[PDB]
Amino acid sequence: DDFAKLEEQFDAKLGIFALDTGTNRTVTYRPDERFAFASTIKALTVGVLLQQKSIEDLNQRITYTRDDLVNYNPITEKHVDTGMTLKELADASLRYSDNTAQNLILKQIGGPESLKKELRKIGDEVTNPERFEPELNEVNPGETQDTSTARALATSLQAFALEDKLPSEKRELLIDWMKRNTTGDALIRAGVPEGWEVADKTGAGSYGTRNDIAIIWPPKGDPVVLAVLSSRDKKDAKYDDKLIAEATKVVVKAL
């Protein structure tokens, strides 16, 4: 088995769920195994934001201080004095994985508990958000806090991006931001053939957790929804992006 060999090569545990929405063909490997979701939660968080906010609501300017800044603020740290609109925060969260942006958006939808309730409402009984960034990235073996599964993350991404959980213009917004992600060049994007379009959100967490969730479009026909999650034995383990790229190639061959 190709996934098993990847786990051996990269000394990592893999979680895979892929669905061809045109055929209902799937590729799965430990699809119900829990992993820390890390920054991938940012995608579902914008999903819920878009359920609740009108387009003009996204123009609201959010003021914050140097004190609101956490550990990874590539865009937010450059706009303390002027603030950022919710739309700009969504852009920074999704495309740069800006942690302060995620936190500010989280507050707008009522925090982790509210995020969890809204995910439960769309049929996600698995994803378990409890914390803000960056604390959420740190999950110990056996814990379910701030974890989900490949199946549940893929299904929730599918719900917001492809299904009627959002109206078409809002689905388009989410997809456009994700298509233009800056952080995923070495992951799912690196494992698809030429001509395939990718809308992804990455994550990295403790125990060398390295994730990417995506909608991918072949040149012709219906989109594929894919979650590729991974973790390792040691708390301070480094990850290798190639694991995700190679796992994606396996999924592409199998479909």
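In this text, residue numbers run from 1 along the sequence as written.
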**Request:** Between 63-71 and 200-208, name whichever shows the higher mean Cα B factor according to the PDB entry.
**Result:** 63-71
**Of 170-178 and 126-134, the one with larger mean CA B-factor** = 170-178
**Item:** Record-listed C-alpha B factor of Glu77: chain third
**Value:** middle
**Prompt:** Hey, what third does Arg120 fall into on Cα B-factor, ranked over its chain?
**Reply:** highest
**Asked** Based on the entry's values, in what third of the chain does the Cα temperature factor of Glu143 lie: lowest, middle or highest?
**Response** middle
**Prompt:** For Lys107, does the deposited CA B-factor place it in the lowest, middle or highest third of the chain?
**Reply:** highest
**Prompt:** What third of its chain's C-alpha B-factors does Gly191 belong to: lowest, middle or highest?
**Reply:** middle
